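Residue numbers (UniProt numbering), protein chains in the order written: chain A, 1 to 31; chain B, 77 to 151; chain C, 602 to 676; chain D, 24 to 165; chain E, 1 to 40; chain F, 1 to 40; chain G, 2 to 81; chain H, 2 to 70; chain I, 3 to 731.
All C-beta atoms in this analysis are idealised placements derived from N, C-alpha and C, irrespective of residue type, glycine included.
Notes for the one structure printed next.
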Amino acid sequence: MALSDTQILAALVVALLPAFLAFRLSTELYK
Amino acid sequence: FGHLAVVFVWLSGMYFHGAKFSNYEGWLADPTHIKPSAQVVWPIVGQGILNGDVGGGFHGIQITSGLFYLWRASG
Amino acid sequence: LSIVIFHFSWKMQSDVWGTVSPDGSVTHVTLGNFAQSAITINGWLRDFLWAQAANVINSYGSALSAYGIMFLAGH
Amino acid sequence: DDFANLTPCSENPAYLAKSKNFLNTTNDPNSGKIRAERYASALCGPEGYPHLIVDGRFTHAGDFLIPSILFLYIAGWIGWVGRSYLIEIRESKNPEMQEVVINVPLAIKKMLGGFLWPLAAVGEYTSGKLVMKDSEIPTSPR
Amino acid sequence: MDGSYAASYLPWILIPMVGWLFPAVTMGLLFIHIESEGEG
Amino acid sequence: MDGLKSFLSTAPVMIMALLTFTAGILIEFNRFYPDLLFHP
Amino acid sequence: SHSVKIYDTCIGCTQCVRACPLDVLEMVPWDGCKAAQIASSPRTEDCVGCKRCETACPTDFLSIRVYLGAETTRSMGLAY
Amino acid sequence: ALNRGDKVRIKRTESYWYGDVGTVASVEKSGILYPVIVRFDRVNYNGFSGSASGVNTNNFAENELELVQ
Amino acid sequence: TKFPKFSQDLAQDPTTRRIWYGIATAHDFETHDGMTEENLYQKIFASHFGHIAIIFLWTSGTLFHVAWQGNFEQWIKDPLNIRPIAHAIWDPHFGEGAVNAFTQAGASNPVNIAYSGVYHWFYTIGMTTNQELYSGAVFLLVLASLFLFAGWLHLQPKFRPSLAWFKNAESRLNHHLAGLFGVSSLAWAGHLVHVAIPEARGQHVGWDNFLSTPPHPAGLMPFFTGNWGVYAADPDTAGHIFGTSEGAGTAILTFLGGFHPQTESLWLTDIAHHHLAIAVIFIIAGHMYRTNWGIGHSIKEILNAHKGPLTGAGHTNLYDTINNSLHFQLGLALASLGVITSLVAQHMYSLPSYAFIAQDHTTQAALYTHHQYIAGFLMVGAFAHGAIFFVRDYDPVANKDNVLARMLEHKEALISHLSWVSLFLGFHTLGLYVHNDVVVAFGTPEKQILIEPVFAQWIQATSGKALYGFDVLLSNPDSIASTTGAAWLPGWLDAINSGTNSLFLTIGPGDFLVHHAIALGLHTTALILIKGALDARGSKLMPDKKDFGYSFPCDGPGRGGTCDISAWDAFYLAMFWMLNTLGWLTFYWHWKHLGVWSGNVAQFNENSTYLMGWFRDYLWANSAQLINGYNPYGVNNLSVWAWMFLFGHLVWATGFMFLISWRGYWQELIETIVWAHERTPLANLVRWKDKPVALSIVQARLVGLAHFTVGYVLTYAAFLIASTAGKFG
Ligand code: CLA
Ligand code: CLA
Ligand code: CLA
Ligand code: CLA
Ligand code: CLA
Ligand code: CLA
Ligand SMILES: CC1=C(/C=C/C(C)=C/C=C/C(C)=C\C=C\C=C(C)\C=C\C=C(C)\C=C\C2=C[C@H](C)[C@H](O)CC2(C)C)C(C)(C)C[C@@H](O)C1
Ligand code: SF4
Ligand code: SF4
Ligand code: SF4
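Here you go:
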């Protein structure tokens, strides 16, 4: 069955974590 | 002078090839039913297929320079 | 000059050249497609190059075959 | 049983159907009939055109082997006469001038002597002056 | 521009940021950084 | 004249003369024996 | 700026100095060649890198070599 | 050692005639560090783009030449 | 100016060039200011972590968008009649006609149609519901986060690996062979037997009940007692329907061979035994090199022992050369990856593994073209980075008289014989094509030169193709090779002798000509790349090229002219030949498969022998539907592909003026524009910070090549997708 809005929002919230980790990695690599 | 001589040779060649290897006399009688043609191809390796039917029983390459109309206007 | 000759050819074929009936009606070579197709590049590509290149790509086996050959020669 | 997909042109229906309308290549009125006869002995595909088989078999030696020998002889002739003329003019005082203005006497003298190019080539190789040593050739820095 | 998938309102707001807001902010930050004279 | 002989012996004249000789040979052979796909 | 180097194969023909349009090269006394003079590149910050000096050098390989490097306003030869 | 008319092979490893053969046009007897002058039938790439000839002479040290004659 | 921080000479540039070159040398860590070996290796480690995380995020996004806006659960109910959906369309610039045209595949909104063939893959590996796709997407998000954090961690001062750790070839080879290759393949086999096959036979297996569901009924006893044949008994019958229990066997490791009768794809149990066997072999291979115990080989002694009396020093000192040089390793890896990508394409178009993927012609063509283009790019990159190694990391004294030095010794012979073979192929292939063209045009197509591909047909016969009557080896029923009782022989011989698939397609004179043309292209591209790599160190025109680096514009108009004497220029020239060879390859593949799928093989067979048939029957004929995507009359679903077709033609054209027109003209034009700006009132209040200059010579070549390649790829992709979708999709 098709997804729900809560599932999409939870996916966005979960993806918020690799965004922060990637920002940290980019700042570390620039250094 | 040399370029003038070359152009003269070109013009004389055009007139000769329109006088000997062309259907100008045939086209003059029936201008609306005969395609102009002044180049004839030797049959050697199958290029004789280039000698298409330009009307009036003549077989040759159709010309697009308009020399026939100029010659008709010239008399 | 390529754009100039292309414009001349397409406009001549679409709006002037053609056959006139005994009644007086004029049927053009490519009909009146220049007005509604020459405003987009896709129209130039499809209604001019692709459409009118049929006579040069289907020239093999006939008297026009040389042209077809020369066409590829250019490419 | 070789070439089960290729049939003789003498029985292939497409070839027989299309051989009646063979075009005349030259001014001779029956050149098409001659071509149909000569090609009726080949191996035609489903579309009726002859196919050449080149695998070493001598039954189809006419497809490759004979023209190969002919071309090899002619090309060796050309290469040998050119190389001999070059080496000959290289000992003169203006080798470059004789490169653009051909010494027609010497040119034709080398022209007519090229039919024995295989014997001359094998004698050249055995004499050791056909091929130069690697240490006698200018080379680019590694 | 109208969809039947779950939470169809997200592209109404996400695409503009990816279309205008994110490119503009990135343009500004990079332009300031590459043009910041000195300190390296 | 010697100058005319030297001019006739130049590279373009020789190359074109040989090319016409070869072309004539091939054209005459193809006229008298056309359509030779293989040694039959 | 670009770098200009002169190697010990110079014969002191002074063609490189003449060919230089921005006055980068100079002729200094020497002893390794018959002419007893060798090329030099004191004013190397004005060099643009046109390689005219390299073109002028008649040795088997260029006794004067130009290695393009950092680019300044002078090196780019800009008028604005 | 190398005199006039000496056919020598070049071993500079970067000159145009490395491995080629030339003839000794002159030798200069002083403290010059490339005293031998060798001339060649072939010409190098020296010249501006479009030039119809190169240079057929160069200076070499004694150690980078092998006598052939 | 700060940017770029890694190069001072660029930072002191007052022109816009500083912006450009700073981008171009950003990820070239070796030439950065104050860079050490250890810092270089650690930065590379972190960057590789980053690329892996990016790959995982891309896969997660694919999964998430398919699960959210796709029709996966409806597609599986009818894979042969429903178009898979890639992602939804949201474009405020759309009109009513485009909205109506793009509402396809039963959707309620403008959607795209997926051509990556991921639906078949997900179906074959057992994914059947949207929630499974969603869970996979979330898990991949978590995995990418973990890898990003790992990069950050191993970049920390207490966790920075030493130089000795990076230069441990034996341990890396052992772990990455036994673990990375072997254990992963074993895990995939376990996934197939524990999950994929039961779901293909109708039994739903998930994380909830895979502990209580044995793969085999009489499981895990025969494996230890040695009676392995139990796992091969009762295979799937020919009447089995994928995803159902009708006609489904109980075997989990078979060697049936051939294809599934319904899905026209390889048997799942065959894949299971295959990946299991290769896992076993890889695990055995991973115990070869000595790491810190007594047993195991050492690469250095193996290399230093294999030397002969003809090659001189043989393979001596090659261990240090490979280990110390990163470009050598990158070139080797790129060459191997390109070769195996070509292998993936060739063995995937002919041996499909995903259910119902053989009947989706558009996805098959797209996958073949995509992975072949990737393989070509990698194969070019291998030679480019090998030339970089020769310029930078090659030490003549260390590798003295060994094979590496011997390459530079007979390099002139290499290049000369390569030029001869390229010219020999080109002359006599163009001659045959032009001869056929002229003969056909004169109305006598009987005088064509048609050479039967005898050798390839003989190979097909040796594999079992009984159409040419060669009666050899596997085609020979009495040969020992065909009487070994191999379990795969019946299925393989059935599949190879069926004309309904692409398994060893029938060949003719046109295939002969096009394969020899492909050979010409390959040898010519190899010639360009190899001459660049070998002449990178220097040549007669430039004996000291290595002193000038890998990429420099020229050496001026003197000494003849130079003009692309660098090895970077050799790569730049070879890119064009790579693109041309790939174009010939893909044209041949696509036209042959169009003939195969439509059943009109005769058209290709009799029209591919002359170039006018290529021009007319392939290009002219198959563009009829593509260029009509949007008309003066309306818009259909191919409108976007027509727009991209014209877009690619345009970008390809645009690259021409970075490739033809050169710098000085634009420099003077920019001088005039600068005067105009400085003399204009109300515009003198705004001034630039970086002095505007024309693009550099090498940058201009790179930009022209970039526009050229983008146009090439977009044009061919649009044409191929549109033609195949209109014909079949
Ligand atoms: C622009 C001028 C021009 C052009 C393009 C042509 C073109 C043509 N003419 Mg034509 N012609 C011209 C002027 C021209 N003509 C003039 C002025 C005359 C009057 C004299 C003629 C009289 C004429 C006749 C009578 C015939 C043609 C024919 C032809 C056709 C066959 C080609 C041919 O003759 O080669 C034939 C092949 C050769 C000439 C090759 C021979 C070897 C050449 C000459 C090599 C040159 C070097 C040679 C070794 C000599 C060395 C010289 C050195 C010292 C410099 C061709 C379409 C023929 C035709 O259409 O028949 C249906 C034909 O029968 N022409
Ligand atoms: C790299 C993978 C990838 C790609 C190419 C796309 C592509 C798209 N997504 Mg999407 N998405 C992804 C992953 C991805 N998605 C993941 C993992 C999620 C779960 C969090 C989502 C959730 C999501 C939503 C909720 C929506 C889209 C929408 C869209 C469309 C509008 C453009 C856009 O991305 O901005 C909008 C979308 C985002 C900003 C999502 C965030 C991007 C992901 C999470 C991170 C990807 C980072 C990436 C690796 C950076 C690479 C760097 C490289 C370019 C140098 C477009 C087709 C919109 C749509 O359907 O419009 C029709 C929409 O509403 N996406
Ligand atoms: C004015 C023309 C115009 C414009 C502005 C758009 C705009 C859009 N179309 Mg669209 N379209 C058009 C004409 C247009 N279309 C036409 C004529 C057709 C044919 C009928 C289509 C067919 C079409 C389809 C079929 C689809 C779209 C989609 C989209 C959306 C994609 C979202 C996006 O761009 O983010 C993503 C942005 C990018 C990927 C950027 C790529 C470009 C840059 C140069 C690459 C980055 C390089 C570099 C790393 C940049 C560094 C960072 C930078 C900040 C410095 C967007 C709203 C898609 C959609 O709705 O899904 C969301 C979709 O599926 N369009
Ligand atoms: C068992 C232990 C183990 C494992 C699992 C790994 C795993 C890995 N190491 Mg590694 N390493 C190890 C021990 C190990 N290492 C040891 C002991 C050392 C020290 C000596 C190192 C030192 C080391 C370095 C220095 C580096 C790595 C890197 C990597 C990663 C490279 C990416 C890769 O190959 O994956 C992708 C590839 C595969 C999974 C297999 C290749 C694909 C095959 C060949 C062909 C395709 C098969 C199949 C058909 C494709 C699937 C199709 C499907 C999509 C439908 C990888 C995750 C690199 C990195 O930075 O990663 C973070 C790196 O630079 N390793
Ligand atoms: C795993 C793969 C891999 C890795 C790690 C490297 C690593 C490296 N390469 Mg290499 N290379 C590779 C593959 C790889 N390469 C391949 C496959 C090729 C063949 C194409 C090359 C060709 C190549 C050359 C020719 C050179 C390098 C160089 C380098 C070094 C740094 C310079 C660089 O690339 O950054 C800078 C890279 C860039 C600025 C890339 C810009 C190009 C962009 C990405 C194109 C974008 C297209 C555009 C957005 C399309 C838009 C579409 C839209 C309109 C829809 C570095 C060691 C250089 C060197 O000598 O350094 C030592 C160098 O000269 N490589
Ligand atoms: C359709 C265009 C085209 C053609 C025909 C060629 C042909 C050739 N390229 Mg080439 N190239 C091209 C486009 C083309 N290239 C482009 C766009 C690029 C990107 C810049 C390159 C980059 C490139 C490189 C980097 C290299 C080549 C090389 C070669 C040669 C390899 C030998 C070969 O393939 O067959 C043999 C040759 C042919 C079949 C061509 C001859 C065709 C004519 C018709 C033969 C008869 C001549 C005719 C009688 C002359 C009459 C003139 C008269 C009327 C005035 C060959 C001369 C390589 C080379 O030199 O190899 C030694 C090489 O290193 N090319
Ligand atoms: C002597 C000479 C020269 C020089 C010649 C030289 C230096 C030659 C040197 C040659 C070398 C070094 C190597 C040659 C190798 C040749 C090979 C490998 C030939 C292979 C043949 C095969 C594989 C035959 C194949 C099948 C054979 C069969 C008969 C059928 O068809 C089918 C078919 C095509 C499969 C010139 C060039 C200077 C001038 C010339 O005029 C003369
Ligand atoms: S490159 Fe030009 S400016 Fe520089 S030293 Fe040589 S001649 Fe002078
Ligand atoms: S041109 Fe060359 S040889 Fe002459 S002075 Fe200059 S550096 Fe010396
Ligand atoms: S690349 Fe440009 S600057 Fe360099 S030699 Fe050629 S034309 Fe002159």
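So with CB distances below 7 Å, who are the chain A contacts of residue i?
i, result
"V140/I", "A11, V14"
Can you name, in chain order, every residue of its own chain whose Cβ lies under 6 Å from the Cβ of residue i, other than the five neighbours on each side?
i, result
"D557/I", "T564"
"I280/I", "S187"
"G388/I", "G333, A535"
So, helix, strand or coil for residue i, using DSSP?
i, result
"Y96/D", "helix"
"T22/F", "helix"
"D5/A", "helix"
"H53/I", "helix"
"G251/I", "coil"
"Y714/I", "helix"
"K6/G", "strand"
"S88/B", "helix"
"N59/H", "strand"
"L68/H", "strand"
"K693/I", "strand"
"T61/I", "helix"
"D129/B", "strand"
Please list, in chain order, all residues of the same chain as residue i whose beta carbon is under 7 Å from its beta carbon, the five residues on each side excluded.
i, result
"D129/B", "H135"
"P224/I", "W230, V232, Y233"
For a contact meaning CB atoms closer than 8 Å, what does residue i contact in chain B?
i, result
"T446/I", "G122"
Taking residue i as the query, report the chain J residues whose CB atoms sit under 9 Å from its CB, ordered along the chain.
i, result
"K542/I", "Looking at the structure shown, chain J is missing, and the protein chains on hand are A, B, C, D, E, F, G, H and I."
What does residue i reach in chain I if we use C-beta pairs closer than 8 Å?
i, result
"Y5/E", "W70, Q71, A90, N111"
Mind pulling the chain G residues with CB within less than 9 Å of residue i?
i, result
"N60/H", "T10, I12, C34, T60, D61"
Which chain I residues are close to residue i, counting only those with a beta carbon under 7 Å from its beta carbon?
i, result
"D24/D", "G471, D473"
Find the residues of chain C that neighbour residue i, judging by a C-beta separation of less than 7 Å, and give them in chain order.
i, result
"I125/B", "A664, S666"
"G89/B", "Near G89/B there are no residues of chain C at all, since even the closest Cβ is about 20 Å away, more than 7 Å."
Q: Report yes or no: do three or more beta-carbon pairs, one from the stretch 262–274 of chain I and one from the stretch 236–244 of chain I, lie closer than 8 Å?
A: Yes, since at least three Cβ pairs between the stretch 262–274 of chain I and the stretch 236–244 of chain I fall closer than 8 Å, the two stretches touch.
Q.
Which runs of the alpha helix (DSSP H) at least 4 residues long sit entirely within the stretch 87–134 of chain I? Give them in chain order.
A. Restricting attention to alpha helix (DSSP H) runs no shorter than 4 residues, the stretch 87–134 of chain I encloses them at 98–104, 120–126, ordered along the chain.
**Q.** Given 8 Å, three or more beta-carbon pairs between the stretch 319–334 of chain I and the stretch 384–401 of chain I
**A.** Enough Cβ pairs lie closer than 8 Å, so yes.
Q: Decide yes or no for the touch test of the stretch 292–305 of chain I against the stretch 359–367 of chain I: beta carbon pairs closer than 8 Å, at least 3 of them.
A: Counting C-beta pairs closer than 8 Å gives fewer than three between the stretch 292–305 of chain I and the stretch 359–367 of chain I, which falls short of the contact rule.
Q.
Just to confirm the assignment: which complete alpha helix (DSSP H) runs, minimum length 4, are found wholly within the stretch 147–219 of chain I?
A. Those alpha helix (DSSP H) runs which fall completely within the stretch 147–219 of chain I and span 4+ residues are 165–168, 171–176, 186–193, 199–202.
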